[PDB]
file entry_28.cif (mmCIF, C-alpha atoms)
data_coords
loop_
_atom_site.group_PDB
_atom_site.id
_atom_site.type_symbol
_atom_site.label_atom_id
_atom_site.label_comp_id
_atom_site.auth_asym_id
_atom_site.auth_seq_id
_atom_site.Cartn_x
_atom_site.Cartn_y
_atom_site.Cartn_z
ATOM 1 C CA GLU Z 156 0.000 0.000 0.000
ATOM 2 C CA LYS Z 157 2.832 2.356 0.981
ATOM 3 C CA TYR Z 158 4.129 2.703 -2.588
ATOM 4 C CA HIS Z 159 0.885 2.565 -4.573
ATOM 5 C CA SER Z 160 1.291 6.097 -5.953
ATOM 6 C CA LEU Z 161 4.697 5.253 -7.426
ATOM 7 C CA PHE Z 162 3.309 1.913 -8.571
ATOM 8 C CA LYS Z 163 0.474 3.646 -10.424
ATOM 9 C CA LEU Z 164 3.028 5.922 -12.076
ATOM 10 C CA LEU Z 165 4.995 2.889 -13.249
ATOM 11 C CA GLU Z 166 1.765 1.327 -14.495
ATOM 12 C CA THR Z 167 1.136 4.411 -16.614
ATOM 13 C CA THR Z 168 4.671 4.090 -17.950
ATOM 14 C CA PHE Z 169 3.908 0.501 -18.959
ATOM 15 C CA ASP Z 170 2.622 2.291 -22.051
ATOM 16 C CA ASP Z 171 4.898 4.112 -24.423
ATOM 17 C CA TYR Z 172 6.830 6.876 -22.701
ATOM 18 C CA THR Z 173 3.946 9.362 -22.329
ATOM 19 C CA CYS Z 174 5.179 12.163 -20.100
ATOM 20 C CA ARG Z 175 4.664 11.805 -16.384
ATOM 21 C CA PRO Z 176 2.828 14.894 -15.078
ATOM 22 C CA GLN Z 177 4.240 17.162 -12.428
ATOM 23 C CA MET Z 178 3.247 16.404 -8.844
ATOM 24 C CA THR Z 179 2.452 18.573 -5.849
ATOM 25 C CA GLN Z 180 5.389 19.310 -3.561
ATOM 26 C CA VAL Z 181 3.791 17.035 -0.953
ATOM 27 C CA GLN Z 182 3.467 14.221 -3.484
ATOM 28 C CA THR Z 183 7.077 14.595 -4.614
ATOM 29 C CA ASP Z 184 8.294 14.574 -1.024
ATOM 30 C CA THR Z 185 6.283 11.519 -0.011
ATOM 31 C CA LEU Z 186 7.676 9.911 -3.163
ATOM 32 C CA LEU Z 187 11.278 10.704 -2.245
ATOM 33 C CA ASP Z 188 10.670 9.486 1.307
ATOM 34 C CA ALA Z 189 9.162 6.181 0.185
ATOM 35 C CA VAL Z 190 11.975 5.700 -2.331
ATOM 36 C CA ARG Z 191 14.685 6.251 0.269
ATOM 37 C CA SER Z 192 12.801 4.090 2.762
ATOM 38 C CA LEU Z 193 12.499 1.093 0.464
ATOM 39 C CA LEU Z 194 16.100 1.775 -0.606
ATOM 40 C CA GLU Z 195 17.518 2.800 2.769
ATOM 41 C CA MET Z 196 20.683 4.256 1.215
ATOM 42 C CA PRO Z 197 20.765 7.937 2.177
ATOM 43 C CA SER Z 198 24.526 7.437 1.803
ATOM 44 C CA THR Z 199 23.842 8.940 -1.642
ATOM 45 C CA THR Z 200 21.805 11.929 -2.819
ATOM 46 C CA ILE Z 201 18.552 10.205 -3.727
ATOM 47 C CA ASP Z 202 16.950 12.462 -6.311
ATOM 48 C CA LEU Z 203 14.375 12.784 -9.093
ATOM 49 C CA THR Z 204 16.958 12.161 -11.786
ATOM 50 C CA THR Z 205 17.249 8.574 -10.548
ATOM 51 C CA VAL Z 206 13.497 8.329 -11.164
ATOM 52 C CA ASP Z 207 14.045 9.585 -14.698
ATOM 53 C CA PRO U 109 2.096 51.479 -14.553
ATOM 54 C CA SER U 110 3.747 48.079 -14.261
ATOM 55 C CA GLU U 111 6.425 46.639 -16.514
ATOM 56 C CA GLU U 112 3.675 44.386 -17.872
ATOM 57 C CA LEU U 113 1.493 47.342 -18.831
ATOM 58 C CA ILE U 114 3.736 48.794 -21.527
ATOM 59 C CA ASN U 115 2.574 47.418 -24.902
ATOM 60 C CA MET U 116 0.098 44.556 -24.838
ATOM 61 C CA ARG U 117 -0.547 45.377 -28.498
ATOM 62 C CA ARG U 118 3.122 44.933 -29.401
ATOM 63 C CA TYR U 119 3.389 41.714 -27.407
ATOM 64 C CA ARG U 120 0.173 40.326 -28.891
ATOM 65 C CA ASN U 121 0.946 41.134 -32.517
ATOM 66 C CA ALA U 122 4.574 39.995 -32.361
ATOM 67 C CA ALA U 123 3.651 36.743 -30.625
ATOM 68 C CA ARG U 124 0.901 36.156 -33.171
ATOM 69 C CA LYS U 125 3.389 36.720 -35.982
ATOM 70 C CA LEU U 126 5.829 34.204 -34.503
ATOM 71 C CA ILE U 127 3.107 31.633 -33.857
ATOM 72 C CA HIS U 128 1.495 32.063 -37.270
ATOM 73 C CA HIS U 129 4.953 31.580 -38.762
ATOM 74 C CA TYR U 130 5.777 28.379 -36.927
ATOM 75 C CA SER U 131 2.308 26.910 -37.449
ATOM 76 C CA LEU U 132 1.060 27.916 -40.881
ATOM 77 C CA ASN U 133 4.609 28.480 -42.172
ATOM 78 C CA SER U 134 2.969 31.444 -43.872
ATOM 79 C CA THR U 135 5.473 33.949 -45.154
ATOM 80 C CA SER U 136 9.111 34.920 -45.435
ATOM 81 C CA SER U 137 10.315 37.209 -42.663
ATOM 82 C CA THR U 138 13.334 38.064 -40.579
ATOM 83 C CA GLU U 139 11.121 36.515 -37.910
ATOM 84 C CA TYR U 140 13.187 36.747 -34.741
ATOM 85 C CA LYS U 141 13.530 38.483 -31.436
ATOM 86 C CA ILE U 142 14.520 36.693 -28.228
ATOM 87 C CA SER U 143 12.991 39.521 -26.210
ATOM 88 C CA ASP U 144 9.741 39.111 -28.143
ATOM 89 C CA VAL U 145 9.776 35.382 -27.380
ATOM 90 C CA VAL U 146 9.979 36.278 -23.699
ATOM 91 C CA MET U 147 7.217 38.830 -24.264
ATOM 92 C CA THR U 148 5.147 35.992 -25.710
ATOM 93 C CA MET U 149 5.714 33.876 -22.613
ATOM 94 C CA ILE U 150 4.780 36.655 -20.203
ATOM 95 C CA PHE U 151 1.783 37.543 -22.373
ATOM 96 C CA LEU U 152 0.628 33.984 -21.779
ATOM 97 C CA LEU U 153 1.234 34.246 -18.038
ATOM 98 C CA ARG U 154 -0.795 37.466 -17.901
ATOM 99 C CA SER U 155 -3.970 35.559 -18.857
ATOM 100 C CA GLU U 156 -5.584 32.577 -17.185
ATOM 101 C CA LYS U 157 -6.779 31.958 -20.685
ATOM 102 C CA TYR U 158 -3.798 30.312 -22.404
ATOM 103 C CA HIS U 159 -2.384 29.258 -19.009
ATOM 104 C CA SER U 160 -2.856 25.673 -20.200
ATOM 105 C CA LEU U 161 -0.759 26.357 -23.303
ATOM 106 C CA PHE U 162 1.879 27.993 -21.122
ATOM 107 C CA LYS U 163 2.026 24.931 -18.871
ATOM 108 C CA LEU U 164 2.289 22.624 -21.879
ATOM 109 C CA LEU U 165 5.179 24.632 -23.302
ATOM 110 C CA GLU U 166 6.826 24.716 -19.877
ATOM 111 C CA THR U 167 6.881 20.926 -19.973
ATOM 112 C CA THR U 168 9.265 21.293 -22.925
ATOM 113 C CA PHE U 169 11.850 23.070 -20.774
ATOM 114 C CA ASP U 170 13.541 19.753 -19.956
ATOM 115 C CA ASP U 171 13.909 19.114 -23.692
ATOM 116 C CA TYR U 172 12.938 15.447 -23.452
ATOM 117 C CA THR U 173 11.194 13.993 -26.480
ATOM 118 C CA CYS U 174 8.069 12.716 -24.735
ATOM 119 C CA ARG U 175 4.621 13.695 -25.985
ATOM 120 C CA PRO U 176 2.383 14.608 -23.017
ATOM 121 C CA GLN U 177 -0.621 12.467 -22.192
ATOM 122 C CA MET U 178 -3.862 13.838 -23.569
ATOM 123 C CA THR U 179 -6.680 14.700 -21.230
ATOM 124 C CA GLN U 180 -9.486 15.020 -23.702
ATOM 125 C CA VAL U 181 -11.671 17.868 -22.429
ATOM 126 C CA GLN U 182 -8.694 20.063 -21.594
ATOM 127 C CA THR U 183 -7.109 19.351 -24.978
ATOM 128 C CA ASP U 184 -10.399 20.473 -26.518
ATOM 129 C CA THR U 185 -10.289 23.736 -24.582
ATOM 130 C CA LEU U 186 -6.664 23.896 -25.742
ATOM 131 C CA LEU U 187 -7.701 23.740 -29.396
ATOM 132 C CA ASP U 188 -10.420 26.312 -28.710
ATOM 133 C CA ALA U 189 -8.066 28.821 -27.097
ATOM 134 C CA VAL U 190 -5.430 28.246 -29.778
ATOM 135 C CA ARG U 191 -7.865 29.047 -32.570
ATOM 136 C CA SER U 192 -9.156 32.046 -30.629
ATOM 137 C CA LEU U 193 -5.667 33.460 -30.133
ATOM 138 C CA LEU U 194 -4.881 32.886 -33.797
ATOM 139 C CA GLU U 195 -8.168 34.641 -34.694
ATOM 140 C CA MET U 196 -8.246 32.401 -37.764
ATOM 141 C CA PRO U 197 -11.619 31.917 -39.488
ATOM 142 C CA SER U 198 -12.503 28.424 -38.235
ATOM 143 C CA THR U 199 -9.525 27.129 -40.195
ATOM 144 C CA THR U 200 -9.680 23.658 -38.610
ATOM 145 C CA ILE U 201 -6.361 23.967 -36.805
ATOM 146 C CA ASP U 202 -5.559 20.524 -35.513
ATOM 147 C CA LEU U 203 -3.745 18.443 -32.916
ATOM 148 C CA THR U 204 -1.007 17.551 -35.406
ATOM 149 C CA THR U 205 -0.108 21.205 -35.954
ATOM 150 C CA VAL U 206 -0.432 21.713 -32.194
ATOM 151 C CA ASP U 207 2.170 19.028 -31.495
ATOM 152 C CA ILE U 208 4.429 20.350 -34.251
ATOM 153 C CA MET U 209 4.358 23.797 -32.657
ATOM 154 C CA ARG U 210 4.980 22.295 -29.216
ATOM 155 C CA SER U 211 8.057 20.506 -30.531
ATOM 156 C CA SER U 212 9.124 23.746 -32.240
ATOM 157 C CA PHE U 213 10.200 25.330 -28.959
ATOM 158 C CA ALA U 214 11.814 22.131 -27.708
ATOM 159 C CA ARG U 215 13.829 22.359 -30.913
ATOM 160 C CA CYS U 216 14.693 26.022 -30.463
ATOM 161 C CA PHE U 217 15.875 25.864 -26.860
ATOM 162 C CA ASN U 218 18.392 23.134 -27.724
ATOM 163 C CA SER U 219 20.674 25.848 -29.070
ATOM 164 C CA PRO U 220 22.538 28.004 -26.564
ATOM 165 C CA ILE U 221 24.292 29.462 -29.622
ATOM 166 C CA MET U 222 23.761 33.166 -30.131
ATOM 167 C CA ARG U 223 25.548 34.388 -33.277
ATOM 168 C CA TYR U 224 23.121 32.911 -35.820
ATOM 169 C CA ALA U 225 21.801 29.552 -37.015
ATOM 170 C CA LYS U 226 20.912 29.042 -40.669
ATOM 171 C CA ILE U 227 19.902 25.515 -39.578
ATOM 172 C CA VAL U 228 16.412 24.550 -40.755
ATOM 173 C CA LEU U 229 15.523 21.540 -38.608
ATOM 174 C CA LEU U 230 12.818 20.493 -41.050
ATOM 175 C CA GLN U 231 12.468 17.060 -39.443
ATOM 176 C CA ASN U 232 10.791 16.410 -36.096
ATOM 177 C CA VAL U 233 12.120 13.578 -33.943
ATOM 178 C CA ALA U 234 9.051 13.035 -31.789
ATOM 179 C CA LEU U 235 6.541 11.836 -34.449
ATOM 180 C CA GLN U 236 5.089 9.017 -32.340
ATOM 181 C CA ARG U 237 6.866 6.079 -33.963
ATOM 182 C CA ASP U 238 9.631 3.624 -33.153
ATOM 183 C CA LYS U 239 11.566 4.320 -36.362
ATOM 184 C CA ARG U 240 10.978 5.901 -39.751
ATOM 185 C CA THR U 241 10.019 3.418 -42.451
ATOM 186 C CA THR U 242 10.910 3.704 -46.113
ATOM 187 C CA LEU U 243 8.530 5.367 -48.531
ATOM 188 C CA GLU U 244 8.278 2.390 -50.908
ATOM 189 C CA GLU U 245 6.592 0.202 -48.293
ATOM 190 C CA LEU U 246 3.999 2.909 -47.654
ATOM 191 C CA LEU U 247 3.475 3.206 -51.407
ATOM 192 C CA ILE U 248 2.736 -0.520 -51.634
ATOM 193 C CA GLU U 249 0.433 -0.608 -48.634
ATOM 194 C CA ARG U 250 -1.576 2.425 -49.717
ATOM 195 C CA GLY U 251 -1.902 1.504 -53.383
ATOM 196 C CA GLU U 252 -3.253 -1.876 -52.294
ATOM 197 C CA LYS U 253 -6.336 -0.447 -50.592
ATOM 198 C CA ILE U 254 -6.474 2.346 -53.180
ATOM 199 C CA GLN U 255 -7.267 -0.045 -56.021
ATOM 200 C CA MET U 256 -10.193 -1.344 -53.959
ATOM 201 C CA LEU U 257 -12.066 1.945 -53.963
ATOM 202 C CA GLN U 258 -14.963 2.270 -56.402
ATOM 203 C CA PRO U 259 -15.481 5.116 -58.897
ATOM 204 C CA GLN U 260 -17.332 8.120 -57.507
ATOM 205 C CA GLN U 261 -18.686 9.754 -60.688
ATOM 206 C CA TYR U 262 -19.412 9.073 -64.341
ATOM 207 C CA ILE U 263 -17.679 11.421 -66.704
ATOM 208 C CA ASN U 264 -19.921 11.276 -69.746
ATOM 209 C CA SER U 265 -16.483 11.683 -71.308
ATOM 210 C CA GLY U 266 -17.676 12.229 -74.878
ATOM 211 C CA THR U 267 -16.585 15.087 -77.096
ATOM 212 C CA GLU U 268 -16.579 18.192 -74.899
ATOM 213 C CA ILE U 269 -14.456 21.325 -74.678
ATOM 214 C CA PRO U 270 -15.533 24.609 -73.025
ATOM 215 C CA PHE U 271 -14.670 28.036 -74.353
ATOM 216 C CA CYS U 272 -16.015 31.578 -74.338
ATOM 217 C CA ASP U 273 -15.552 34.337 -76.865
ATOM 218 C CA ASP U 274 -16.422 37.712 -75.294
ATOM 219 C CA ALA U 275 -13.134 39.341 -76.310
ATOM 220 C CA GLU U 276 -14.129 42.708 -74.833
ATOM 221 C CA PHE U 277 -15.076 41.000 -71.571
ATOM 222 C CA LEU U 278 -11.736 39.187 -71.491
ATOM 223 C CA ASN U 279 -9.802 42.405 -72.075
ATOM 224 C CA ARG U 280 -11.788 44.181 -69.368
ATOM 225 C CA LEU U 281 -10.698 41.323 -67.107
ATOM 226 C CA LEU U 282 -7.099 41.776 -68.256
ATOM 227 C CA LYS U 283 -7.157 45.456 -67.335
ATOM 228 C CA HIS U 284 -8.675 44.615 -63.960
ATOM 229 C CA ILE U 285 -5.806 42.159 -63.462
ATOM 230 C CA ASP U 286 -3.063 44.455 -64.736
ATOM 231 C CA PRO U 287 -1.510 46.092 -61.646
ATOM 232 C CA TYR U 288 -0.438 43.086 -59.633
ATOM 233 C CA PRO U 289 3.299 42.188 -59.564
ATOM 234 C CA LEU U 290 2.450 38.529 -60.170
ATOM 235 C CA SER U 291 6.144 37.880 -60.830
ATOM 236 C CA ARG U 292 7.034 38.846 -57.267
ATOM 237 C CA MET U 293 3.855 37.476 -55.755
ATOM 238 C CA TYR U 294 3.594 33.906 -57.020
ATOM 239 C CA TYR U 295 6.833 32.976 -55.266
ATOM 240 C CA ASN U 296 4.640 32.788 -52.168
ATOM 241 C CA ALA U 297 2.417 30.147 -53.756
ATOM 242 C CA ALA U 298 5.479 28.220 -54.895
ATOM 243 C CA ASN U 299 6.806 28.219 -51.338
ATOM 244 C CA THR U 300 3.338 27.181 -50.188
ATOM 245 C CA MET U 301 3.520 24.103 -52.392
ATOM 246 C CA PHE U 302 6.999 23.408 -51.060
ATOM 247 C CA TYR U 303 5.916 23.550 -47.424
ATOM 248 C CA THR U 304 2.959 21.398 -48.424
ATOM 249 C CA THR U 305 5.533 18.855 -49.547
ATOM 250 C CA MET U 306 6.358 18.287 -45.866
ATOM 251 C CA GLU U 307 2.903 19.059 -44.487
ATOM 252 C CA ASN U 308 1.895 16.012 -46.549
ATOM 253 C CA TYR U 309 3.060 13.726 -43.762
ATOM 254 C CA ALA U 310 3.974 13.500 -40.101
ATOM 255 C CA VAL U 311 4.465 9.738 -40.190
ATOM 256 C CA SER U 312 7.928 8.412 -41.041
ATOM 257 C CA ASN U 313 8.119 11.442 -43.323
ATOM 258 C CA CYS U 314 10.435 11.027 -46.301
ATOM 259 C CA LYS U 315 13.906 11.784 -44.973
ATOM 260 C CA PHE U 316 15.322 12.828 -48.330
ATOM 261 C CA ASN U 317 13.320 15.517 -50.090
ATOM 262 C CA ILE U 318 16.082 17.588 -51.639
ATOM 263 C CA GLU U 319 18.025 16.723 -54.754
ATOM 264 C CA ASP U 320 15.097 15.469 -56.843
ATOM 265 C CA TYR U 321 13.167 18.536 -55.711
ATOM 266 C CA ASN U 322 15.980 20.614 -57.205
ATOM 267 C CA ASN U 323 16.057 18.472 -60.339
ATOM 268 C CA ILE U 324 12.498 19.728 -60.741
ATOM 269 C CA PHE U 325 14.009 23.120 -61.525
ATOM 270 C CA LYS U 326 16.947 21.599 -63.403
ATOM 271 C CA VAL U 327 14.192 20.546 -65.780
ATOM 272 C CA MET U 328 14.577 24.204 -66.740
ATOM 273 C CA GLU U 329 18.129 23.549 -67.935
ATOM 274 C CA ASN U 330 16.793 20.488 -69.734
ATOM 275 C CA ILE U 331 14.223 22.701 -71.478
ATOM 276 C CA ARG U 332 16.753 25.390 -72.380
ATOM 277 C CA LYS U 333 19.059 22.808 -73.944
ATOM 278 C CA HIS U 334 16.070 21.312 -75.774
ATOM 279 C CA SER U 335 15.282 24.757 -77.180
ATOM 280 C CA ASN U 336 18.943 25.150 -78.178
ATOM 281 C CA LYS U 337 19.012 21.519 -79.380
#

call {"tool": "encode", "arguments": {"input": "entry_28.cif", "output": "structure tokens"}}
result
Amino acid sequence: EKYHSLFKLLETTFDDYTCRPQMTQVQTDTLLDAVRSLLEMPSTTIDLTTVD
Amino acid sequence: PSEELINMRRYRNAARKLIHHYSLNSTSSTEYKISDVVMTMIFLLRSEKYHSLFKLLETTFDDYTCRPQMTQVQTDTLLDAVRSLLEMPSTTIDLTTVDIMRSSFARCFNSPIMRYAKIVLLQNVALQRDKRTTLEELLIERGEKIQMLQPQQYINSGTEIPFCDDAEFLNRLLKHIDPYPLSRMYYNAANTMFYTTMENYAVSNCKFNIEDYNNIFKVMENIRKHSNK
């Protein structure tokens, strides 16, 4: 359940490369948090560009 | 009294010129001013109308090739506003031209180069396909279905030629026609046909379009040598 927003995004990207929208600050920050939390490696600068 | 307030007319007309250029490919011009581009942007921001278009264009700022997902109703309002801002007479401006324009700016920003750029990036990368096909294949596949289609009229096709004989009428017409510098003018129509050559397609568009297109005019040398044996 935790990651369902990200998962939905990936499901959209199952189809051909259509641009991901922009997300509210809160959405982006919950995204970054969930990403770092599943991949507990703050040893590196976890960032959008990794998402891209 | 604001910096915005100075010349909405200037901003509007210049922006419209630029847009009408990129879209309809209308007319030769020294069409350029970076400051006027910025004026265009801010002229968008100064209306909630066209905000959607602004946002769209802003998506381009990261240069990536992707075509944004349609949301149908908003895209319809998009088309609406676009036609309104172009003030064109219901000229059926269309999503294809929309996308082409969109990609126009994501072409332009690529350059940080300031001196000048003769470059005419006639091609567009983003045309919604894995890879450009040949033309020949398309020719085959079209002609196939083409032969299927049934005739749509009957030319009686017997002996018929039209003519009229009102010499005075015709000369009156001639005098009405006289002033126009047709020589100068018809270049525009020629260029129109040229641009049409690419408007023809947005789908694995023919990469080459050049040397044969010039041989068209080299037919003139052919003709001159025919006249001189």

call {"tool": "residues_around", "arguments": {"input": "entry_28.cif", "residues": "segment 140-157 of chain U", "least_positions_apart": "3", "cutoff": "10 Å", "atoms": "all atoms listed in the file", "output": "PDB file with C-alpha atoms, in the frame of the given file"}}
result
ATOM      1  CA  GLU U 112       3.675  44.386 -17.872  1.00  0.00           C
ATOM      2  CA  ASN U 115       2.574  47.418 -24.902  1.00  0.00           C
ATOM      3  CA  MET U 116       0.098  44.556 -24.838  1.00  0.00           C
ATOM      4  CA  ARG U 118       3.122  44.933 -29.401  1.00  0.00           C
ATOM      5  CA  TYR U 119       3.389  41.714 -27.407  1.00  0.00           C
ATOM      6  CA  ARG U 120       0.173  40.326 -28.891  1.00  0.00           C
ATOM      7  CA  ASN U 121       0.946  41.134 -32.517  1.00  0.00           C
ATOM      8  CA  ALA U 122       4.574  39.995 -32.361  1.00  0.00           C
ATOM      9  CA  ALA U 123       3.651  36.743 -30.625  1.00  0.00           C
ATOM     10  CA  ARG U 124       0.901  36.156 -33.171  1.00  0.00           C
ATOM     11  CA  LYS U 125       3.389  36.720 -35.982  1.00  0.00           C
ATOM     12  CA  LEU U 126       5.829  34.204 -34.503  1.00  0.00           C
ATOM     13  CA  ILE U 127       3.107  31.633 -33.857  1.00  0.00           C
ATOM     14  CA  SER U 137      10.315  37.209 -42.663  1.00  0.00           C
ATOM     15  CA  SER U 160      -2.856  25.673 -20.200  1.00  0.00           C
ATOM     16  CA  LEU U 161      -0.759  26.357 -23.303  1.00  0.00           C
ATOM     17  CA  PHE U 162       1.879  27.993 -21.122  1.00  0.00           C
ATOM     18  CA  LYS U 163       2.026  24.931 -18.871  1.00  0.00           C
ATOM     19  CA  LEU U 165       5.179  24.632 -23.302  1.00  0.00           C
ATOM     20  CA  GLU U 166       6.826  24.716 -19.877  1.00  0.00           C
ATOM     21  CA  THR U 185     -10.289  23.736 -24.582  1.00  0.00           C
ATOM     22  CA  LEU U 186      -6.664  23.896 -25.742  1.00  0.00           C
ATOM     23  CA  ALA U 189      -8.066  28.821 -27.097  1.00  0.00           C
ATOM     24  CA  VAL U 190      -5.430  28.246 -29.778  1.00  0.00           C
ATOM     25  CA  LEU U 193      -5.667  33.460 -30.133  1.00  0.00           C
TER      26      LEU U 193
END

call {"tool": "atom_distance", "arguments": {"input": "entry_28.cif", "atom1": "atom CA of residue 315 of chain U", "atom2": "atom CA of residue 231 of chain U"}}
result
7.8 Å

call {"tool": "resolve_selection", "arguments": {"input": "entry_28.cif", "expression": "the PyMOL selection byres ((chain Z and resi 164) around 12)", "output": "ChimeraX atom specification"}}
result
/Z:158-163,165-170,172-178,182,186,206-207

call {"tool": "residues_near_point", "arguments": {"input": "entry_28.cif", "point": "(-2.5, 23.3, -38.3)", "cutoff": "12 Å", "atoms": "all atoms listed in the file", "output": "ChimeraX atom specification"}}
result
/U:127-134,187,190-191,194,196,198-210,304,307-308,310

call {"tool": "residues_near_point", "arguments": {"input": "entry_28.cif", "point": "(11.1, 18.1, -7.3)", "cutoff": "7 Å", "atoms": "all atoms listed in the file", "output": "list in words"}}
result
residues 180, 183 and 203 of chain Z

call {"tool": "atom_distance", "arguments": {"input": "entry_28.cif", "atom1": "atom CA of residue 309 of chain U", "atom2": "atom CA of residue 249 of chain U"}}
result
15.4 Å
